[PDB]
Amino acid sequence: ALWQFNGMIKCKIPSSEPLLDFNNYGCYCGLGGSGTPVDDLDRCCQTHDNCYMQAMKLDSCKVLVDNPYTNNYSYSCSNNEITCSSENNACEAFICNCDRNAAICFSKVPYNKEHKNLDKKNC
C-alpha cells in the first residue's frame, strides 16, 4: 500500500518525505500518467506504473478487492536495505517488488526541481 511505499523510499533516501518530494513530479510520478517521461526519475515512475498494471493482470490480485495503493504487504528496512517478506502471498509479493524496484530507482537518479508539479501540458 501507499504507507509501505512511503517507507521503502525513506529507507533508501532517509532525508526525504517521499509523499511530498516525489508526488506530482513529471508526467508519471503521481496518480495516472501519460506522455513521454521528462527525465530518468519520471521514467522510474513510468516503470512503476507499468508494474502496477501488470500486477492488476494477475489472477491472484484480481481476487482481492484491494488495489496496490491500499493492498498491505510486509517488508523490512535494515541498514537501508529493503526486503520483501516470504509471507506475502503472490499479489502482495508482486506489488512489494514493484515498490522495492521504484524506491531503489528513485535513489539512483537525479532530482530536477523544475519537473515538480509539472504542467501536464507537457504530457
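Residue numbers here begin at 1 and follow the sequence given.
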Checklist entry - Which is higher in the entry, the mean Cα B factor of 96-104 or that of 14-22? => result 14-22
Checklist entry - In the PDB record, does 114-122 or 4-12 carry the higher mean Cα temperature factor? => result 114-122
Next on the checklist: Per the entry's Cα B factor values, which of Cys27, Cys77, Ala55, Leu41 stands out as the maximum?
Outcome noted: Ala55
Item to check | Member of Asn67, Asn50, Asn88, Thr83 with the greatest C-alpha B factor (per the PDB record) | outcome: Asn67
Item to check | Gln46 CA temperature factor, ranked by third within the chain | outcome: lowest
